[PDB]
Structure formats: C-alpha cells, structure tokens
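Below is one structure, written out as structure tokens, with a few remarks after it.
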Amino acid sequence: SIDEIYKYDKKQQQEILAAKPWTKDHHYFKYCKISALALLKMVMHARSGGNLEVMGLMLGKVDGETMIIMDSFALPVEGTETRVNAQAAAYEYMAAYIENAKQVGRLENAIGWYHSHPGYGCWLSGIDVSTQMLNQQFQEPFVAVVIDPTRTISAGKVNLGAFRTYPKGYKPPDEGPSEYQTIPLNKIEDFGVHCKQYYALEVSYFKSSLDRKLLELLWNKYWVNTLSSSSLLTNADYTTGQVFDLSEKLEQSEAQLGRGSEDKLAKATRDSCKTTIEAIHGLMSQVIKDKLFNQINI
Amino acid sequence: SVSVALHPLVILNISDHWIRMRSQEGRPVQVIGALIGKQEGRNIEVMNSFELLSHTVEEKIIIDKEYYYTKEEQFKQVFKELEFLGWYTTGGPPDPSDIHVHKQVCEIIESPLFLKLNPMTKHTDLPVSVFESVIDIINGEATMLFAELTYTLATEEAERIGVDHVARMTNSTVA
Amino acid sequence: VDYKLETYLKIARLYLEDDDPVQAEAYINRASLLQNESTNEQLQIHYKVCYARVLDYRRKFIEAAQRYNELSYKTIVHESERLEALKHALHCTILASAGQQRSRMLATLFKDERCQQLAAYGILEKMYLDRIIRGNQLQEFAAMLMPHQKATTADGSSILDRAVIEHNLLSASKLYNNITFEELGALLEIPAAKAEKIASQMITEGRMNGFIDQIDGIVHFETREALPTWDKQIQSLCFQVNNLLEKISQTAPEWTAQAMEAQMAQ
Amino acid sequence: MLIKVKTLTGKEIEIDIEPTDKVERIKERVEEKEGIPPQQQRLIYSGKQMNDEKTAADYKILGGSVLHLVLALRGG
Ligand SMILES: CC(C)n1nc(C(F)F)cc1C(=O)Nc1ccc([C@H]2[C@@H](O)CCCc3cncn32)c(-c2ccccc2)c1
Ligand SMILES: [Zn+2]
C-alpha cells in the first residue's frame, strides 16, 4: 500500500547500515524522496526566517539506492547566519530533541541537514562543502538540502536542492550538466571555486493516502487564495535587489567589451529576461483578476 | 466567540501522526497532540503543532506534564513568539474521555481550544472541527461542555505554493 | 480551634472593617500563614470570601476578580450568594487595570451565561467587543459602584473615567478613517484640547496608530491601501460564494447532487 | 565500563573503557576506534555537554550508558 513506505523496518535498516554498499561506489545515492510534511515544514521555516538564514535537521531512512526523508525539525541557533554550528546550544538541542521524539513514536534517525539561501540560489558554498564532507566522512549516510524561500515566492515553484559531496582528492569524471542558475556578484567566486566537489540528487516528493484525501478536500476551500494572491506587492525588495545586481553585471560586461567568464553579456541578458518575465507574470495575474471581478458590472 | 484561523500545516501534522501510529501499531489508534499559535485580541491563529505523550490507566488518559514542560521549553527555544493554544485529537464527536482530557489540559492555560480530526469520514467537507469549553449549570448541576467555532483557512504565500505543489505533483512558462 | 477562629474572624471583620482596614489586612496576613490549610465542615466558604474582600479593599482588582469567579462555581454556596460573587467579579474585572489577564478575564465573563442577567452586562459587552461606552452608562455604573472603589487622582481624571476615555478613543480608532478635534470631543464628551492631548499621548506611547495634522485639526487613523483592500474584498466575495453553495447543498441535497452530476456531462 | 556509544545518525560503537578513565581518555579511545580527531568531537550526557577536564565517574559512569556524540569542525 501507499502507506507501506511509512513502515520503519529496524532490522532492515540495521542490515543495510552494517552491509554498507556505498563504500565501493561513489555516486551510489541518486534518488532523494521527501515526504509532504517535511517539505512543507522546511519551506515555512525558511520563509519565516525572513531575509536571514535558518538551518535545521532531517530525519529519514534509506531504501537501497534512494534516500527517504520523513521529518524535519528546526534548531534554534538564534539564526542570523552565525559563524557556524553553535555555542553548544544547538549541540545540546539536537540530542535533546531526538531523545524526546524517540519516546513518542518518531523512531527514525537523522539522514541529513537543511538550510536556506534566501535570494541567491541553491548550491553548496565552501563552508557548506566542508561541513558535508566532514559529516559524510564519519556518519553515513547524510544529505544536504538547500532551500530558497524568496525565489520560491517569486517564481511560483519551490527551489529545493539535495546535494552530496565527494571524498577528498577524488576527481569526478566530467558528466557536468551545469544548468544555469542566477547568482549575485558577491557570491559568484565561491560558487565557481566549489562546484565539482558535490553532485545534485534527483528529488521527488511523496504523500500518504490520508494526506492526499485531506489535500483534495482542502482545495475546495483553498482555491480562494490563488485568486486573491497579488504577488506583485509581496516581492518588491527582491526585484529591486535583482535590478541592482543586474546593473552591476551589465557594468562588468561593458568593461569586458571595452577591454581586450566568457561573454558576460549573455549571462546579464538571461538574468534580465528572468526578472522581466517574473514581473510580467505578476502583472498578468492582476489583469486576469481585474477582468474577472471588476468588469462584471451588475 | 473568537475568530479562529487554521493553517494546513496543523492538519498535515495530525494526519501524518495518525498514519504513522496506525502503520506502527498495525491497527488504528487515536492520538493526542498539542497546538501552537498566536492570539491577537480576539483573533486566534494556529501555526504549528507537536505531539504529547499520554498514558492510560483503567479507562482514563493522563498527560505527562513533565514531558509537556520539556517540550514547551524546547519549542520556546526556537519559536520565540509562539505560545500554547490547545490540544488536538483524532476521532468523531466529542466523548467523556475528551471532556476528561480537556479538564486536565485546563489546569495549564485558561481557555484552551480543542481540535478534532476525523480520518474515517464519508462527507464532502473537511473533517476538522474546532471547539471551545463553556461551563454551564443544568438542572442545578455544574457541567462544562463544548461549543463549536467557525474557522477560516489562513493565507500565506509559501504555504500556498507548497500545498499546491504537493497536491498537484506533476514546455514553456506562461504555460 | 474552629470555634475560636470563627469568633475571632467575625468580631475582627465587623469592628475592623469599621474603617480601620490597615490593621485588618496586617492581622489577616500574619495569621493566614498558620491558619490551618485543612479545616473542612463549611469553613472554606468564608475564608475565601474574606480573602477576596480584603484583596478588593487593598486596591488589587484582577486577582480579587479571579478569586470571586473561582468562588462563583461552588455548588455548596446558595444561588443568591453565587450571583453576588459573580457580580463582584464583574465589577472588579471592569475596574481592573488593562492587561492580558484582564482580557482573558473579560473573555471568560462574556462566555459565562449567568452574567447576562447582571446590571453591568452591557458595559462588559462593550468593553469586550471594543464599542463606545456612553456617558449615561458610565454614570449608571458609577452610581452602582461602591464609594471605596472610586479611586480618583488628586489632580482629577478619576481612574475609571480615564480608562473609559482611552477605551473610547481606541474603539473609535476602529471606526474612523480620520476625525476632527471637535467631533472627537463631542464623541468623548471632553473638550477638544483635552481630546488632542490624550490622542497625542496615546500615539506617542504606542498604544494606537495614527498621526495628528494640527493645522486642519484632524487625527488620521490607519490608511487601508487600495490594492490590499481589493484583495480583502475579493476574498470576502469568494467566501460569500462558498457559503451560499454550502447553504444550497444543505437544503436541496438531491437536487444539488443531480446538478453536480450533470455538471460534468454538460 | 564498556559503554555502547551512539551518534545522531544512528551508528553505535561497542567500545571498551575503564571507570577511572577521563573524558579526554574516552575521546582518544573513540579516535582510535573510529578515526575522529579529538577536537571535532562533542560528547553529551543526559542532555548535558561534559566539561572535558571533569574526570568522568563524577558525571556518572553507571556501566552501559550511552554518551551522545556530535561532530564539529573546530575552526575550519
Ligand atoms: C549539520 C549542522 C549542524 N552542521 N554540522 C556541522 C559539522 F561540523 F558536523 C557543521 C554544521 C553547521 O551548522 N554548518 C553551517 C555552516 C555555515 C553556515 C552559514 C555561515 O557560513 C554564515 C553565513 C550564511 C551561510 C550560507 N551558507 C552557510 N552559511 C551555517 C548556517 C546556515 C544557516 C543558518 C545558520 C547557520 C551552518
Ligand atoms: Zn549555505
């Protein structure tokens, strides 16, 4: 049944952990499945973080070649993108929360960590890469999840990326798709330097039978918020920041044209196209709303 | 009479809790949990919800106040501006067991809410119902009963996008 | 032991409530520590009353109201005395200083049914629902109030009247986009200069939002921008559609089932 | 004495220690057993981070306990 995935097999998990097959291979984990509740909690926490960054922990299991995530819990850190982990407050919090959840019925174990990159894409920086490398070196398995709560609102689709790094000294053989991601100027050097040390798993979402029934029952009352959204007002500081970054990139492209990585004008054009398309979508939504509601003069 | 705003995260939490317990125990069993939210004047809003630990002796259910207090400290560590609001359960119409557990919870807050979700339903509308405690005198005897409240689904952009994505789960953009 | 306690309490309460309350509260505080804490045989239906009355007389109203409300639910005490305790609780809650506990106490009193027959039910309803309390209702409440509870500052502006004026201003904040000084003074039954001073103080202290244009003599409350107002009204219209559909489907179930079935086909 | 040691991920290590050993001694025991250097290591007992130096028996050896282990990255 669909709820079969919700059954936790302690014996099978112990057997898989004790018969680790990921050691012989390196790209062993290729699929990453996320429950509906975990994804929703991650997105709401990243959004409520605001403009700052938030990070939590993820509880799941493994089934052969795929990595399943069932739950996620935040940890305080006072957020504010502190230097790194914690003044030991989060260090106590992780163990305390796991122990408390053990005696209730949350009998799954940690599988990774998630954090937010609000406004500048979904990737692993240098410190993130070092953290994931260290975690995978000792406690295995482990997956990093990066969310973009601002681009999610702006584009209408969730911006979630699951990543896993490579061992020290390992040179992956080509096979780089490298789809384009807009990244500001002040955060481009780190992305360029630390880009071949990790790979992105294919992420899919799942939900239970009761969850599906409840969502299909809830849509009958939730259809209002789609028609009363007005996305052009909630995201204006983000658009202003995007325009500032685009102007700086255009200045750099003009400097390269005057002088004597490659063709920065094309990248600036793609960024401008993305921003303008988002703005026009926001406007046409309001045009549709006006046509629906303001013209039906009794 | 207070206006209540619900969040789909609470409903998802309750449904996942029930499904997990049913799968773990082999047969369906009711679950008891707590709610968290903010009250502004007469506007009560629920945002998240965790699970409480309970035991049964004879035919009565008792909530571990020590576990509740540890969880309260833990959640105040993270969600600084959020506070306790009430409790939630899975089942049908309210029962004397529910009245007993509500009496137990009433020793913590002044007027806790009560949320009831019905996993086994045949109706067309959402099985979530919200009640509040009202104490009355009937035939010269003091009894506290339930009064149903009307709730509205709260609005949030990230919540809307996430819920729509989960519900849909599916070559242009305007498309 | 119990007989001595009853006799001492009765004599002390009479002669000491006879307008030297300081020694009464001191004696009660000193003796309360070693009273008994377990006496039984109806002796618990007088200690709580005396404690609540002392708390009322010592100008602490919210806790006295809490004690009166707790006493009002006892089955042993007669109906008339329970109604008197509830009335005292309502008066103390109304006279108490504004706060979160006061708001919850007002909510509990409103939820109570026996308050409906009380003489201060109208004022309780207005205070809870953020309405405007009129001068005639205030005068009736003052007449009903006991002389002791009317705590007035020496310079003027009795505590109850000041609280009522501030509540009237805060409730008018929910009803006007902008109001001139003359009309605010007519609404609050105070001179326009005092209305301006009170509004400015409330705005500075952060209790209410707005700004005062002195040249025109107009206080401006919230703005309610046009596009968010449009969003809210669209939401209200869709909610009306949903409610109407539910009412239709709850009255003619067979007809609405047939119509829904034919909806997909047609 | 011997005390399974469990990390957050779920791995448990069966390790041999003496009651008179100190927290630093357990840390280097874990270093030899697994490989984690004794600075990227935090042991938490009963929801409490031990102040290294403070011996161990004090804290509370009580035989088969389970000291919770969480990694760290020193500075970098
Ligand atoms: C799994 C967690 C607890 N963890 N484990 C280990 C490892 F030592 F075990 C190490 C860690 C761990 O907290 N790492 C970490 C590193 C860096 C940041 C910040 C940092 O740069 C500051 C600028 C913002 C930023 C953008 N991208 C990473 N950051 C964070 C972090 C992210 C969001 C909120 C709070 C903190 C966490
Ligand atoms: Zn990061």
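Labeling convention for the structure tokens: chains A, B, ... as they appear, residues from 1 per chain, ligands from 1 in order of appearance.
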May I have all residues of chain B that DSSP, computed from the backbone, assigns to helix (DSSP H, G or I), given as a PyMOL selection string?
chain B and resi 8-25+65-78+96-105+157-168
Surrounding residues as a list in words, ligand 2, max 7 Å, only C-alpha atoms and all ligand atoms
residues 115, 116, 117, 124, 125 and 128 of chain A
Ligand 1: which residues are within 9 Å, counting only C-alpha atoms and all ligand atoms, as number ranges by chain?
A: 52-57, 75-86, 90-91, 94, 112-117, 123-135, 144, 146; D: 40-41, 70-74, 76
If you keep N, CA and C atoms, can you produce a file of those selected residues as a compact mmCIF listing (two decimals), in the first residue's frame?
```
# COMPACT_ATOMS: atom_id res chain seq x y z
N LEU A 52 17.21 36.59 6.64
CA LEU A 52 18.33 35.88 7.24
C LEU A 52 18.27 34.40 6.85
N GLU A 53 19.18 33.60 7.40
CA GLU A 53 19.29 32.19 7.09
C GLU A 53 18.90 31.35 8.30
N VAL A 54 18.26 30.21 8.05
CA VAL A 54 17.89 29.27 9.09
C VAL A 54 18.34 27.88 8.68
N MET A 55 18.60 27.04 9.68
CA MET A 55 19.06 25.68 9.42
C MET A 55 18.47 24.74 10.46
N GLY A 56 18.13 23.53 10.02
CA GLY A 56 17.59 22.52 10.91
C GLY A 56 18.21 21.15 10.68
N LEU A 57 17.45 20.10 10.92
CA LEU A 57 17.91 18.73 10.73
C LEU A 57 16.78 17.91 10.14
N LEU A 75 16.40 23.80 14.55
CA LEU A 75 17.18 24.02 15.76
C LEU A 75 17.51 25.49 15.87
N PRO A 76 17.56 26.03 17.09
CA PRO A 76 17.43 27.49 17.26
C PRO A 76 18.50 28.32 16.57
N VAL A 77 19.75 28.16 17.01
CA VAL A 77 20.94 28.90 16.57
C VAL A 77 20.74 30.41 16.63
N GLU A 78 19.59 30.86 17.09
CA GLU A 78 19.34 32.29 17.06
C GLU A 78 19.42 32.71 15.62
N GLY A 79 19.63 31.74 14.73
CA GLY A 79 19.69 32.02 13.31
C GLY A 79 20.73 33.05 12.97
N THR A 80 20.32 34.10 12.26
CA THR A 80 21.25 35.17 11.96
C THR A 80 22.55 34.65 11.41
N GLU A 81 22.50 33.61 10.59
CA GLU A 81 23.71 33.14 9.95
C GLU A 81 24.94 33.27 10.85
N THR A 82 24.92 32.61 11.99
CA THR A 82 26.07 32.68 12.87
C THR A 82 27.28 32.05 12.21
N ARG A 83 28.44 32.20 12.83
CA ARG A 83 29.69 31.70 12.24
C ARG A 83 29.61 30.27 11.73
N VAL A 84 28.96 29.41 12.49
CA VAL A 84 28.86 28.02 12.11
C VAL A 84 27.82 27.37 12.98
N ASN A 85 28.14 26.21 13.54
CA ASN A 85 27.16 25.47 14.35
C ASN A 85 26.66 26.23 15.58
N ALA A 86 27.13 25.90 16.78
CA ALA A 86 26.55 26.55 17.96
C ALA A 86 27.40 26.77 19.21
N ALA A 90 22.71 24.53 20.18
CA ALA A 90 22.21 23.57 19.20
C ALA A 90 22.82 22.19 19.42
N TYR A 91 24.06 22.13 19.92
CA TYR A 91 24.70 20.85 20.17
C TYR A 91 23.92 20.04 21.20
N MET A 94 20.01 19.20 19.48
CA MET A 94 19.81 18.07 18.58
C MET A 94 19.58 16.78 19.36
N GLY A 112 20.33 13.88 7.24
CA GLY A 112 20.95 15.00 6.57
C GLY A 112 20.68 16.28 7.32
N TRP A 113 20.99 17.39 6.66
CA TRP A 113 20.74 18.71 7.22
C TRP A 113 20.29 19.64 6.11
N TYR A 114 19.44 20.60 6.48
CA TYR A 114 18.90 21.55 5.52
C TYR A 114 19.15 22.97 5.99
N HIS A 115 19.25 23.88 5.04
CA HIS A 115 19.38 25.30 5.35
C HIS A 115 18.92 26.12 4.16
N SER A 116 18.81 27.42 4.38
CA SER A 116 18.21 28.32 3.41
C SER A 116 19.26 29.25 2.83
N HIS A 117 19.08 29.57 1.55
CA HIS A 117 19.93 30.50 0.82
C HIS A 117 19.00 31.54 0.21
N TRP A 123 22.85 26.11 -3.81
CA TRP A 123 24.14 25.47 -4.04
C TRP A 123 24.86 25.36 -2.71
N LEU A 124 25.99 24.67 -2.73
CA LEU A 124 26.82 24.49 -1.54
C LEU A 124 28.05 25.38 -1.65
N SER A 125 28.23 26.27 -0.69
CA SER A 125 29.39 27.15 -0.67
C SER A 125 30.59 26.38 -0.14
N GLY A 126 31.70 27.08 0.11
CA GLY A 126 32.89 26.40 0.61
C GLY A 126 32.69 25.81 1.99
N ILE A 127 32.11 26.58 2.91
CA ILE A 127 31.89 26.09 4.26
C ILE A 127 30.86 24.97 4.26
N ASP A 128 29.82 25.09 3.43
CA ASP A 128 28.83 24.02 3.32
C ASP A 128 29.46 22.74 2.79
N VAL A 129 30.34 22.87 1.79
CA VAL A 129 31.01 21.70 1.22
C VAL A 129 31.89 21.04 2.27
N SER A 130 32.64 21.85 3.03
CA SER A 130 33.48 21.29 4.08
C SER A 130 32.64 20.59 5.14
N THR A 131 31.50 21.18 5.52
CA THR A 131 30.63 20.57 6.52
C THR A 131 30.09 19.23 6.04
N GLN A 132 29.60 19.18 4.80
CA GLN A 132 29.07 17.93 4.28
C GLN A 132 30.17 16.89 4.13
N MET A 133 31.36 17.30 3.70
CA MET A 133 32.49 16.38 3.60
C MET A 133 32.80 15.77 4.95
N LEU A 134 32.88 16.61 5.98
CA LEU A 134 33.17 16.13 7.33
C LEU A 134 32.08 15.18 7.82
N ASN A 135 30.82 15.51 7.57
CA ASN A 135 29.72 14.67 8.05
C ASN A 135 29.73 13.31 7.36
N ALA A 144 22.69 17.04 2.10
CA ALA A 144 22.44 18.45 2.33
C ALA A 144 21.25 18.90 1.50
N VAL A 146 19.18 22.48 0.37
CA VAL A 146 19.25 23.94 0.31
C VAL A 146 17.93 24.45 -0.25
N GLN D 40 37.25 17.71 16.90
CA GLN D 40 35.96 17.70 16.22
C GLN D 40 35.04 16.66 16.85
N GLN D 41 34.80 16.81 18.15
CA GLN D 41 34.09 15.80 18.93
C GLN D 41 33.42 16.49 20.10
N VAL D 70 28.31 14.20 18.96
CA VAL D 70 28.04 15.08 17.84
C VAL D 70 29.35 15.66 17.33
N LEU D 71 29.49 15.73 16.01
CA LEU D 71 30.73 16.21 15.42
C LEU D 71 30.77 17.74 15.43
N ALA D 72 31.94 18.27 15.11
CA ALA D 72 32.16 19.70 14.98
C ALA D 72 33.32 19.90 14.00
N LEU D 73 33.62 21.14 13.69
CA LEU D 73 34.66 21.40 12.68
C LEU D 73 35.70 22.35 13.21
N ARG D 74 35.98 22.26 14.50
CA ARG D 74 36.95 23.15 15.09
C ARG D 74 36.71 24.51 14.49
N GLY D 76 37.94 25.25 10.99
CA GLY D 76 37.70 25.00 9.58
C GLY D 76 38.04 23.59 9.16
```
Near residue 24 in chain D, counting only C-alpha atoms, which residues have an atom at most 12 Å away, once you skip same-chain residues fewer than 2 positions from it, shown as JSON, numbers by chain?
{"D": [17, 20, 21, 22, 26, 27, 28, 29, 30, 31, 37, 38, 39, 41, 42, 43, 50, 51, 52, 53, 54, 55, 56]}
For the interface of chain A with chain C (cut-off 8 Å, counting only C-alpha atoms), please tabulate each contacting residue of chain A alongside its nearest pair of atoms and their separation in Å to one decimal, rows sorted by chain and increasing number, as JSON lines.
```
{"residue": "A:221", "atom": "CA", "partner": "C:242", "partner_atom": "CA", "distance": 7.7}
{"residue": "A:224", "atom": "CA", "partner": "C:238", "partner_atom": "CA", "distance": 6.3}
{"residue": "A:225", "atom": "CA", "partner": "C:235", "partner_atom": "CA", "distance": 7.5}
{"residue": "A:228", "atom": "CA", "partner": "C:231", "partner_atom": "CA", "distance": 5.5}
{"residue": "A:229", "atom": "CA", "partner": "C:231", "partner_atom": "CA", "distance": 7.4}
{"residue": "A:230", "atom": "CA", "partner": "C:231", "partner_atom": "CA", "distance": 7.4}
{"residue": "A:293", "atom": "CA", "partner": "C:234", "partner_atom": "CA", "distance": 7.7}
```
Which polymer residues have any atom within 12 Å of an atom of residue 32 in chain C, counting only C-alpha atoms, with same-chain residues fewer than 4 positions away left out, as JSON, numbers by chain?
{"C": [5, 9, 24, 25, 26, 27, 28, 36, 37, 47, 48, 50, 51]}
Could you tell me how far CA of residue 1 in chain B sits from CA of residue 106 in chain C, in Å to one decimal place?
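That distance, rounded to one decimal, is 12.0 Å.
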Contacts of chain A with chain D up to 7 Å, shortest pair per row, only C-alpha atoms, as a tab-separated table:
```
residue	atom	partner	partner_atom	distance
A:92	CA	D:47	CA	6.0
A:95	CA	D:47	CA	6.8
A:96	CA	D:47	CA	5.7
A:109	CA	D:9	CA	5.8
A:110	CA	D:9	CA	4.9
A:111	CA	D:9	CA	6.4
A:139	CA	D:9	CA	6.2
```
Selection above as a file: N, CA, C and O atoms, as a compact mmCIF listing (two decimals), in the first residue's frame:
```
# COMPACT_ATOMS: atom_id res chain seq x y z
N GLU A 92 23.40 20.70 22.23
CA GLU A 92 22.51 20.03 23.16
C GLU A 92 21.12 19.82 22.57
O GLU A 92 20.48 18.80 22.85
N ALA A 95 20.46 16.48 20.31
CA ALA A 95 20.32 15.25 21.08
C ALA A 95 19.06 15.28 21.93
O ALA A 95 18.36 14.27 22.05
N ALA A 96 18.74 16.44 22.53
CA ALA A 96 17.55 16.53 23.36
C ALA A 96 16.29 16.26 22.54
O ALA A 96 15.41 15.50 22.95
N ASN A 109 15.87 7.94 12.31
CA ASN A 109 17.14 8.55 12.65
C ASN A 109 17.51 9.60 11.62
O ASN A 109 16.97 9.63 10.51
N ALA A 110 18.46 10.47 11.99
CA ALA A 110 18.83 11.58 11.13
C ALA A 110 19.47 11.09 9.83
O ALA A 110 20.16 10.07 9.81
N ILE A 111 19.24 11.84 8.75
CA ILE A 111 19.77 11.49 7.44
C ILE A 111 20.45 12.66 6.74
O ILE A 111 21.12 12.46 5.71
N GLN A 139 29.82 9.98 9.80
CA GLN A 139 28.47 9.44 9.94
C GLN A 139 27.84 9.36 8.55
O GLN A 139 27.64 10.39 7.89
```
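Any residue of chain A with an atom within 7 Å of chain B counts; using only C-alpha atoms, that gives residues 6, 7, 36, 37, 40, 43, 44, 47, 75, 76, 104, 153, 156, 157, 210, 211, 215, 217, 218 and 225 of chain A.
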Distance filter 12 Å, only C-alpha atoms, chain C against chain B, as a ChimeraX atom specification:
/C:66,72-79,99-115,125,128-130,231-232,235-236,239,242-243,246,249-250,257
Identify, on the basis of only C-alpha atoms, every residue whose closest approach to residue 13 in chain D does not exceed 7 Å; exclude the query and any residue fewer than 5 positions from it along the same chain; express the result as a PyMOL selection string.
chain D and resi 4-6
If you keep C-alpha atoms, can you produce a file of those selected residues as a JSON list (two decimals), in the first residue's frame?
```
[["chain", "number", "residue", "atom", "x", "y", "z"],
["D", 4, "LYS", "CA", 27.98, 1.47, 23.61],
["D", 5, "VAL", "CA", 28.36, 5.00, 22.21],
["D", 6, "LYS", "CA", 25.70, 6.27, 19.81]]
```
One decimal place gives the CA of residue 278 in chain A-CA of residue 184 in chain A separation as 17.4 Å
Based on the backbone DSSP call, show me all residues of range 106-214 of chain C assigned strand (DSSP E), as a ChimeraX atom specification.
/C:178-180,211-213
Out of A:206, A:103, A:190, A:265, which residue has the shortest atom-to-atom distance to residue 64 in chain B when counting only C-alpha atoms?
A:103
Would you compute the distance between CA of residue 197 in chain A and CA of residue 13 in chain A? Give it in Å to one decimal.
28.1 Å
So that I can check the surroundings of residue 108 in chain A, please list as a ChimeraX atom specification every protein, DNA and RNA residue that reaches within 10 Å of it, counting only C-alpha atoms and ignoring chain neighbours fewer than 6 positions away.
/A:8-10,13,58-61,69-71,98,101-102 /D:9-10
